[PDB]
Amino acid sequence: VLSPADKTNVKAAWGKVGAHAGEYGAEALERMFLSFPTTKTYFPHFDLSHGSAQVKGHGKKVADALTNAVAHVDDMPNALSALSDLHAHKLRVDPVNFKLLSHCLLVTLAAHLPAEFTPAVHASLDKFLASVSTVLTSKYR
Amino acid sequence: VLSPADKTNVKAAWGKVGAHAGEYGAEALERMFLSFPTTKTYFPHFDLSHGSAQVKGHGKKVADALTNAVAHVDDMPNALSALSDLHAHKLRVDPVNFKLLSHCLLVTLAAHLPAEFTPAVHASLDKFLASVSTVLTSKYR
Amino acid sequence: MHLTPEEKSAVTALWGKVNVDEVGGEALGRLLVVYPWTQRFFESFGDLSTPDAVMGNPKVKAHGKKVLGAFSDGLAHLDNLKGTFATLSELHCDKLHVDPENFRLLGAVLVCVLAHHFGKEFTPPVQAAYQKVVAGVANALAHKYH
Amino acid sequence: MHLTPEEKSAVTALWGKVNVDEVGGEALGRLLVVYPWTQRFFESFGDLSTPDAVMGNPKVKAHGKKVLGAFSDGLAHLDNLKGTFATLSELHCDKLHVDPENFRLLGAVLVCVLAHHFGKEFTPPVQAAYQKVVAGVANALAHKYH
Ligand code: HEM
Ligand code: HEM
Ligand code: HEM
Ligand code: HEM
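Respectively, the protein sequence lines represent chains C, A, B and D.
The authors' numbering numbers the first residue of the first sequence as 1 and each following residue consecutively.
The authors' numbering numbers the first residue of the second sequence as 1 and each following residue consecutively.
The authors' numbering numbers the first residue of the third sequence as 1 and each following residue consecutively.
The authors' numbering numbers the first residue of the fourth sequence as 1 and each following residue consecutively.
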């Protein structure tokens, strides 16, 4: 459960991301594809080459959804209903994969927001991505 | 989330366990110790030998808790609060181990309730143990 | 694959009693029912809407038998699973695009199936041998992913 | 390891720029803060009630240096992590009772610390090689558990 401190930490951190969220989305995917190649099984229809527009585009999409989640940190389940649906009934990504993208996202934030990536903020973002993951896989069965 | 169907399934299968819960609890533990030896790191103080009374004693406690969650299937977070606190604050069992025990509990039930361990029931019991595990781990951070 | 000789005899003795046709259908059907997300690979199999629709589907039964068939062959080459499963590993990756976690879910379901069928005969120590086996097979099937 | 000469060189080269003292203290402390349950093994260290108290705890910082030290030396036996961590594997099992999952948590934390420190330098391809090492290390350390 996200504490008030957590919600604050997250909003701050994401606040600094700003106009780069799309690039960070794209970078996290790229890191995911390379470090955990089993994740590529869900994107057979994409050109997973470095700098592919499909990956860039998707990166934006993901980033945007996180934004919307930070904004509705208080009502995630509701803010992400559609996405929870899509994933549970259409995409059907195995749940283990969410932990992999979450990790690549932390790494990406860490590498780009040095001053802001304090131990307390690291803990908060992790919980946050975990909560997001829970929401996205809540209707799986 | 457990559906009405799930609830019926669980009360039914658990109903059949009856008085053998204790013994099935002990058996699930032993199966766990044998198949996932890493789980033994949490019981350095136990005699894990075959027919250990400590294991017998422990199997009963676990079985009683599961029986309590079935009795309060509509209020598990509250029915298990105490146990949730203990695990989060004292025991501090890594979350991955809940899935291991769950698995050995399912094997045990399967081995003992051939007629009831239908596909439908198997699925309900799996969602149930996952929910119990979630409650027990909810206060971890 | 740390199968002691005694673990290997135990795997083999029980496997002698299995009706692969039957176990194959049960394991695959149960997978589709317990972890419905796995149904993503079988939209051409037809109706998988309910447990009976899945369990009785002639296509699921036939596929289960195929899968367990390949698994049984694996059990005769416990020594060289990687070699045994190499072309299949490639196929699952490159053509089928099957996330390898699927191989671990199937292994857990299979263990429950063997427990279901053998009852008391599927002792703690026999389960432990089979746990090593399904893990070795899952690993072998994932070895060629890239 | 299943490290590519190119992958080996990337690991090796970034490592050369690492202050084990600082990275060790930071990795262990972050661990205790992000995954609070890992604190169960360090009760004798003191007050770990807050990020601040963990990050400042000298016992923490010094244990962190010992751990990265041992890790650091394992990077010199990248082709036999198993043999390098055998004794450490037994100790962790038999004396410390540390669940191997902790090895994996630290690894992930380690990678976040490297990214934190090296920014730009810690590229996708470089993270990929480090992911292989941390997994490798965790496996080596868990190898002698029974
Ligand atoms: C942090 C959690 C995640 C979030 C917020 C997220 C968000 C999204 C969004 C916003 C979309 C696009 C919806 C649309 O096209 O309208 C999407 C689609 C998709 N996601 Fe998820 N996702 C997450 C995790 C994952 C993971 C871990 C995977 C697999 C490794 C994945 C696989 C996919 C795929 C394959 C698509 C469709 C791609 C396409 O065909 O364009 N997602 N996701
Ligand atoms: C759904 C699964 C679980 C249930 C229902 C459960 C329930 C319980 C209960 C009722 C107790 C006894 C508390 C008391 O002293 O009154 C207990 C203690 C304990 N549990 Fe859990 N537990 C579960 C999962 C786990 C797992 C997965 C592990 C580690 C592999 C674990 C490790 C322990 C330990 C080490 C103790 C203390 C035993 C002693 O010193 O007597 N538990 N648990
Ligand atoms: C023990 C693990 C497995 C073994 C030994 C195995 C074996 C096989 C074999 C022998 C085939 C046919 C090859 C061919 O068409 O040339 C096959 C096809 C296939 N397998 Fe696997 N399999 C395993 C696990 C899985 C799992 C768990 C899934 C999905 C959850 C899966 C998905 C598929 C699919 C979708 C096909 C193609 C079906 C079609 O003909 O349309 N497999 N597998
Ligand atoms: C990169 C993985 C790790 C390495 C290389 C490693 C290495 C070491 C070394 C070299 C020692 C010194 C002990 C001696 O020689 O007597 C040690 C002790 C210890 N380690 Fe590990 N360790 C690792 C991970 C962990 C983790 C993740 C934990 C728990 C979160 C842990 C818990 C301990 C404890 C409790 C001690 C004993 C310290 C004392 O005596 O106070 N280790 N470790």
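Note that beta-carbon positions come from the ideal geometry of N, C-alpha and C, so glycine has one too.
Just checking residue i against ligand 3 - is the residue's beta carbon closer than 8 angstroms to any of the ligand's heavy atoms?
i	result
B/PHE103	yes
B/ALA70	yes
B/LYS66	yes
B/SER44	yes
B/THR38	yes
B/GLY107	yes
B/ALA138	yes
B/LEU141	yes
Is residue i helix, strand or coil by DSSP?
i	result
D/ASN102	helix
B/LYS144	coil
B/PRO125	helix
B/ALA76	coil
C/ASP94	coil
C/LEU2	coil
B/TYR35	coil
residue 164 of chain C	Chain C is shown from 1 up to 141; residue 164 of chain C falls before or after that span and cannot be answered.
B/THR50	coil
A/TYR140	coil
B/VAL20	helix
B/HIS97	coil
B/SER44	coil
A/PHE128	helix
D/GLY107	helix
B/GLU90	helix
D/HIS2	coil
B/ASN139	helix
C/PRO114	coil
C/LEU80	coil
D/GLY83	helix
B/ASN57	coil
Going along chain A, which residues have a C-beta under 9 angstroms from residue i?
i	result
B/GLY29	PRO119
How would you list, in chain order, the residues of chain C whose beta-carbon sits under 7 angstroms from the beta-carbon of residue i?
i	result
A/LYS127	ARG141
Note down, in chain order, every chain D residue with its Cβ under 9 angstroms from the Cβ of residue i.
i	result
C/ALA123	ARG30, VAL33, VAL34, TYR35, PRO36 and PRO51
C/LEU34	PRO124, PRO125, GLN127, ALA128 and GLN131
Starting from the beta carbon of residue i, find every residue of chain D whose beta carbon is closer than 7 angstroms, and list them in chain order.
i	result
A/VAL96	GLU101
A/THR41	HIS97, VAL98 and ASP99
residue 142 of chain C	What is shown of chain C runs 1 to 141, which leaves residue 142 of chain C out entirely.
A/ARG92	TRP37 and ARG40
C/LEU66	Within 7 angstroms Cβ-Cβ: nothing; C/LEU66 doesn't reach chain D, min ~18 angstroms.
Along chain B, which residues have their Cβ under 8 angstroms away from the Cβ of residue i?
i	result
C/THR38	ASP99, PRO100, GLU101, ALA142 and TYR145
For residue i, go through chain A and note every residue whose CB falls closer than 7 angstroms to its CB, in chain order.
i	result
residue 148 of chain B	A question about residue 148 of chain B goes unanswered here, because the residues of chain B that appear run from 1 up to 146.
Identify the contact partners of residue i in chain B, using a Cβ-Cβ distance below 9 angstroms as the criterion.
i	result
C/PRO44	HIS97
A/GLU23	Correct list: empty, because the minimum Cβ distance to chain B is about 12 angstroms.
Hey, is residue i close to ligand 1, as in C-beta under 8 angstroms from one of its heavy atoms?
i	result
D/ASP94	no
C/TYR42	yes
C/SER133	yes
Does the beta-carbon of residue i, which I'm using as the reference point, lie nearer than 8 angstroms to any heavy atom of ligand 4?
i	result
D/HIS63	yes
D/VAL133	no
D/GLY74	yes
C/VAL1	no
B/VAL11	no
D/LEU88	yes
D/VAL98	yes
At a cut-off of 8 angstroms, would you count residue i as near ligand 2, judging by its Cβ distance to the nearest heavy atom?
i	result
A/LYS56	no
A/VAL62	yes
What residues from chain D crowd round residue i, counting only those whose CB sits closer than 8 angstroms?
i	result
C/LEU2	Chain D residues near C/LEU2: none, gap ~14 angstroms exceeds 8 angstroms.
Below 9 angstroms on C-beta distance, what does residue i contact in chain C?
i	result
D/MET1	Near D/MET1 there are no residues of chain C at all, since even the closest Cβ is about 15 angstroms away, more than 9 angstroms.
Original post:
Just checking, does the segment 28-36 of chain C make contact with the segment 118-128 of chain D on the three C-beta pairs under 8 angstroms criterion?
Top reply: yes
Original post:
Using 8 angstroms as the threshold, is the segment 98-112 of chain C in touch with the segment 52-60 of chain C, meaning 3 or more CB pairs across them?
Top reply: no
Subject >> Meets three-Cβ-pair contact criterion under 8 angstroms: the segment 11-21 of chain A and the segment 104-121 of chain A >> reply: yes
**OP:** Count the CB pairs spanning the segment 11-26 of chain D and the segment 103-123 of chain D that are closer than 8 angstroms, and state whether there are at least three.
**Re:** yes
Original post:
Per the contact definition of three or more C-beta pairs closer than 8 angstroms, is the segment 5-16 of chain D in contact with the segment 99-109 of chain B?
Top reply: no
Original post:
Do the segment 130-137 of chain B and the segment 71-85 of chain C make contact, defined as three or more Cβ pairs closer than 8 angstroms?
Top reply: no
Original post:
If you scan the segment 15-76 of chain A from start to end, which runs of the alpha helix (DSSP H) of 4 or more residues do you find wholly inside it?
Top reply: 21-35 and 53-71
Original post:
If you pair each beta-carbon of the segment 33-50 of chain A with each one of the segment 60-75 of chain A, do three or more pairs fall below 8 angstroms?
Top reply: no
Original post:
Would the segment 88-95 of chain A and the segment 134-141 of chain A be scored as touching if the rule is three or more Cβ pairs under 8 angstroms?
Top reply: yes
Original post:
Counting pairs of beta carbons, one from the segment 118-127 of chain C and one from the segment 49-63 of chain D, are three or more of them closer than 8 angstroms?
Top reply: yes
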